[PDB]
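Have a look below at one chain only, the form deposited in one PDB entry, in C-alpha cells format.
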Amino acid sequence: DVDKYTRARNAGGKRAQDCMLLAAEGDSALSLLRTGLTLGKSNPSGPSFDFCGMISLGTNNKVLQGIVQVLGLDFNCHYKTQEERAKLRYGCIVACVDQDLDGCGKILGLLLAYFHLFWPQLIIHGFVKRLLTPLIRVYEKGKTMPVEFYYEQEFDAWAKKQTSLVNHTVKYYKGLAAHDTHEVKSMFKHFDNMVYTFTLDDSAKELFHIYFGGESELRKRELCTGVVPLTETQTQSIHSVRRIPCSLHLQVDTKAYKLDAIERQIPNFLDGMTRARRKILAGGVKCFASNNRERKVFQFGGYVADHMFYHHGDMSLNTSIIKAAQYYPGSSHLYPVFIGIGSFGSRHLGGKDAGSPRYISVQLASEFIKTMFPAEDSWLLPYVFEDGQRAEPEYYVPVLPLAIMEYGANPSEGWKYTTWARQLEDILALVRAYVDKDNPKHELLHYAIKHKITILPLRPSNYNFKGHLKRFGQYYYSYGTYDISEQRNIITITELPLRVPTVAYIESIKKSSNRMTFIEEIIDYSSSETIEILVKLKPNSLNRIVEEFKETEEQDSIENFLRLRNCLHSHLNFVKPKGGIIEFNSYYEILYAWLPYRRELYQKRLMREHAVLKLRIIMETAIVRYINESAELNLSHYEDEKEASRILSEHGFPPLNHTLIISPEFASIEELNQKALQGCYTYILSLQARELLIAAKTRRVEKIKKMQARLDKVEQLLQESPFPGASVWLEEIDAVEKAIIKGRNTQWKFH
C-alpha cells in the first residue's frame, strides 16, 4: 500500500537478498527506470523486474516511511549480523538521482544521513548504493560510440591531450532526464558496473553531523573555504572498486549544494551582486549592446534565460529584473543597472507595487554601465561555464566597489548580510588617494593598507534621505522627521527611517495597542517618493505621550511614540571569488580587498590591448597595401580563391586570422600569438568594393596612425609610477562620477 512502488517479483521471498530497490528522485526518473528494466530480449543479461523494484523518493516523513515499509526495516534493531540483515525484503537500496546540485548532494545526502542516523551498519555492510550514470559524453563524427566521463575532472584531463575538439561534440547529462533513448539502452547494457556502493569511513561521522542537524558555527567553518574537487587519484580509486566513501560525497556534492544556496542570497564582494543578478547584468549588456531600444521585462527575461542560462523560472527572473531598475528613496540600488520605463514600484510598498512585466518596459543605463563596467576588460574576467557553454562572468570588477555603494539585505537563511550604502564622496576620496600619486594622502593610504589604519572616513550615504544620521556608541541611527500641530492636534510625519516602507510602518503603529490608545485615525496622504502621514491624536493625549516615553537622550518622545528611529546594523558577509564565505569587520576591509583585483585588471587590460593593437596594425597595413595595388593585382583574372590566395602569397601579403584580429574576445595573449598569424587571405578577399575608394583608403590610413600613436601610449601606461594603468583608472573614475551625477540630476532616466 505504498504509492509509486513497483515491487519486484522475487521481493521478500527466498531470493530477497538478490533483489535491489531502486529509489528514484521523481516521476521522470521512474520512467527511465521502467524503460531500462523492461528492455527484455534487447538486454537479456540486464536487470528486469525480477530482483529489482522501484520506489519514488517524492520518522514523520511519509516518503521515508514508505521506504522503511517496503524494505522491512526496524528502527530499534541494529543490523550488525548477516542473519539479521537477511530479514530485509531487498538485498540493497540503490539511489537513482540527478548528478546536479539538487540531486546527489541534497536528496542523496539526506538519504545517506537518514541511514547513518538510524542504521549505520547498513552503510558499513554496503546496503546503501548509488547509480552513477555518465556525466559527460563526447561524440565524434564517424563514430557511434562516445567517450563517457563520470566526473568533470576526467573530461578536463582527456580534453588536454586532444589538441582539437572541432570534430567532437560534448554533451552534459546533469539530470537523469537528459539521457536519450539510445543512451538509456547503453547504460542498462552495463547496469552492473554503474552501481556504486557507499562506505562509512571515520571522517564521515563528524561530516554527517556538520552538514545535517547539529549546532552551527561548525558548518560555517566548512563553508568558508569552497569546494575542493576530487583528485584524479581519488576518482581512480572509486572507479577501480566501485565504492564511494561517504566523506568524499559530503565534502564535494553536499557542500557544493550548500554553497550554491548561499551564493543565491549572498553577493560577491567584488561587484556586490549574486549569480542571478550577475546573469541579468551580463544579459543586459549583450541585449542592449547593438541598440538601447526598450524591451518589455518579460521579453528581456526571455533573453536572459536563453543566453545567460537562467533556469530558475521567470517568477524570480522578472522580480530580479524589476529590482535592478527600481529607483526610489530606500531602494536597494542607488545606481540601478537599468532605466525603468513605467511604474516599477514605490517606497510605500517597498518595491512590491511594481507593474506587471507584460506592460513594463526596461532599458539599459548605458552611460553608467559602460563606465562602471568597462567592456574592454569584460573579456579578461573569469567566466562561468554551464553545461560547457559560456555564461555570465564569475565576478565583475567595477571601477568603484559596488558592494559598498548599495543597500543590501537578506532573510536569515544563513549569514545575515545587511549592507548600508556608504557616501559616494567618501568612496571617491579613498580610491582617488590610492590611485593618484599626486594625492597628498597617497603615501599615507598605501602604508595604511598593509597595517589596517583606515585613515580616511567612510560614512553612511544620506542621499535621497531627508532625515538625520546620528552615531551613538558603535552604531549609526537614521531618524525620521515630524511636525506637531498644537491647534488641530495632528502629528505630521514628513520622513521615515532610511529603509522603512510606508505601508509596513503604518501597520507597525496600528498593531501596537499601547500607541493606538492615543490615536484614532492615520491617513497616508504621502506623495510618491515623499512621506507625509497624518496622525490624528485624541483630544488630550499629547501631554500623556510625553510622560509615557520619557524622552531619552538618543530618542525623543515622539520619536519613541512613533517608531521614527532604526539602527543601521551591518553584516558584512560576502562570497569569495574562488568560492566560500568571507567575513569583513568593517566597510574599509571590503574596499581594501577589492583594490588589488581592480589594480591587476588594468595591468592585464593594457597587456592584451598592446598585443591586439600590434596585430591590427599589421592587418590594416596589409589591407592598405592591397588597395594601392588592387588595380594591378586585379583578382578578376584568377579562377578562384585558392589561385587568388597563391597570388597574394607570391606578392608578400601575410596570411592572417581575420576573425581573431577583428574580434579577439576571450583570447589570452599566448593564445592570440599562436593563432593570429596562422590564417588565410580572407581579410583581402572579403573587402567590399566601397573600401577601395580614395576616401575609404584615407580613413584606413589615418586609423593606422592612430593605432601606432596609441601603441606608444600603451607602452607609457605600462611604465607608470604607482602601477600600470593608474592614469587610466583615474580618468575612468571621473567618467563614472559624471555618469552618476548625470543620473542623479535626472531620476536615473538620463533622457
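Start at 1 and count along the sequence shown; that's the residue number.
Only in words, not in the display: the form deposited in another entry, which the text now covers.
> Comparing the forms between this form and the one not shown, with one rigid segment turning on another, which of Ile490, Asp436, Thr133, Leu718 falls at the hinge?
Replying inline: Checking each of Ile490, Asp436, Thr133, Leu718, the hinge one is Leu718.
> What happens to the Cα distance from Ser412 to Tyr475 in that other deposited form: does it get closer or farther than here, with a change of 3 angstroms or more?
Replying inline: It is farther: in that other deposited form, the C-alpha atoms of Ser412 and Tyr475 lie at least 3 Å more apart than they do here.
> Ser412 to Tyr310, Cα distance in that other deposited form relative to here: closer or farther, by 3 Å or more?
Replying inline: Compared with this form, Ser412 and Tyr310 lie closer in that other deposited form.
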